[PDB]
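Just one chain is shown here, as structure tokens, and it is the form deposited without the partner chain.
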């Protein structure tokens, strides 16, 4: 019977490779004071001065090896769960390997992730009844696809996908900056309100298995 959720779980090698790249990006935001000051300000505003390690702040992360979620099923209880799981494409894809393209890394006051750009084949596994469709209104299907690398202590890692969409909505408008500058792996954008996106000069391909997770 049905899992807590379905998704693509990264292999040991790829999970550590993405983990490290996330870490380094947090350290770059934290090592340069233009960047840290602004993130620290939309995190804590005018709270008592306090030291902040971004890698520590984003220490919380959903259980299990790193993953890109498709459908939350809650063991059959969530809406659309049986209809998702009965699909031949899902049955067929279970236990099989995929490669996920990571196009960007992003951080907000609530979360740290990697944007996934799904192939057309992988989109056949993307559900069509996701919550808040207004949030991705006018964006291609599969826009919120992501791997959550960390989130702040009182944030549900589901927030990560909404944070990504919000960034993609702003960049569809053009309220993206010109890049604040270059980092080793690409152009860095300050979108405002403590939101940062690193657009990778070259996409990272990470290996993963499509399967189900139990709690």
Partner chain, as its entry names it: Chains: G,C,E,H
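We call the rigid core whatever largest set of C-alpha positions still superposes within 1.5 Å between the two forms. Numbering follows the first chain given and starts at 1.
Beyond what is shown, the protein has a form solved in complex with the partner chain; the following relates to that form.
Every member of the trio 10, 23 and 55 reaches the partner chain in the deposited bound form with some non-hydrogen atom inside 4.5 Å. The shortest heavy atom separation between residue 65 and the partner chain in the deposited bound form is within 4.5 Å.
The partner chain in the deposited bound form is approached by residue 61, whose closest heavy atom lies within 4.5 angstroms of it. In the deposited bound form, none of the heavy atoms of residue 133 sits within 4.5 Å of a heavy atom of the partner chain. The closest heavy atom approach of residue 94 to the partner chain in the deposited bound form falls within 4.5 Å.
Of the residues 88, 137, 120, 131, exactly one exceeds or equals a 2 Å C-alpha shift between this form and the one not shown once the rigid core is aligned, and that residue is 131. Relative to the superposed rigid core, the position of the CA of residue 187 differs between this form and the one not shown by less than 2 Å. Once both forms are fitted on their core, a CA shift of 2 Å or more is seen for residue 38 between this form and the one not shown. The pair residue 74 and residue 131 is at least 3 angstroms farther apart at the CA level in the deposited bound form than in the present model.
The pair residue 155 and residue 133 approaches in the deposited bound form: their C-alpha atoms are at least 3 Å nearer to each other than in the form depicted.
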